[PDB]
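One chain is shown next in structure tokens, namely the form deposited in one PDB entry.
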């Protein structure tokens, strides 16, 4: 009974952020039950003062959180509720412990937490291995971020659902602003857009021109932050990263088997279940080509975000050792 779950959530006591450990970049959700992750999400809206500043009703927030959780497919190995929850938790830790909070407006923080929780809504486990698709000479020919547009539509749908309207207390303007920020934040999770815009972001930082008052730079930064949180599984303590890496591998292999039957093509190592031995080398490659630069750049933005980078490096060292097969 969906109602039974709601009644349980809305009536439970929400433990403190400290007890929940949602402030740690090292936070893990493995020992938490769905109910507990929901309680964590409430603590996130509360401690970021979103419930207060936007007068959200307890029951309505609980319902919205349960609706979001419900619209994720538990059958998809990695891109499910737990990934979205972790993304939001990383966003919370970055805002608080990473001190990104005071560099943003209350609306932007509102949009970011909502986006982090809704960016992979109704994901089917389809991943695009062609990571350079945004830089191809004809990139403008194949519509980009199709699924991300779907995730947002889903996000918007749930926000406008009777009893789930956590943004009802906003003005007509505040609402419009918040929805635009959310849409961009969600679209930013298309890794291709990260590849396309990171160069610009890195340079602004390298040359000391970074300026969050410039709306264009604020938007670029929000996109980079979304990516940072989205990939943060790669920064977790070794044992946790290993398990998360398995889930990612499993969703890849599932696609490989699915495409073999539907497209009559054999999978590349990335999506070949018989190639688990090549995972560590690929992780090192993923880290070097995609992660390190992002977390390093974020550390320049705020030194307190350093632990994400640090955790990432430690994992590189772990995966590398395995790559060399001890």
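Residue numbers count along the first chain shown, from 1. Whichever C-alpha set is largest while still superposing within 1.5 Å between the two forms counts as the rigid core. Only residues modelled in both forms are compared.
Missing here is the form deposited in another entry; even so, the following discussion is about that form.
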Shifts of 2 Å or more at the CA atom, core superposed, between this form and the one not shown: which of the listed residues 105, 250, 160, 209 is the one? 250
For residue 222, decide whether the Cα shift between this form and the one not shown is 2 Å or greater, given a superposition on the rigid core. no
Once the two forms are fit on the core, has residue 172 moved its CA by at least 2 Å between this form and the one not shown? no
Once the core is aligned, please say if the CA of residue 275 is shifted by at least 2 angstroms between this form and the one not shown. yes
Are residue 159 and residue 149 closer or farther apart at their Cα atoms in the other entry than shown, with the shift being 3 Å or more? farther
Taking the cut-off of 3 Å or more as given, in which direction does the distance between the C-alpha atoms of residue 146 and residue 66 change in the other entry, closer or farther? farther
After aligning on the rigid core, stretches of three or more residues with every C-alpha displaced by 2 angstroms or more between this form and the one not shown cover residues 73-75, 138-151, 250-252, 270-276
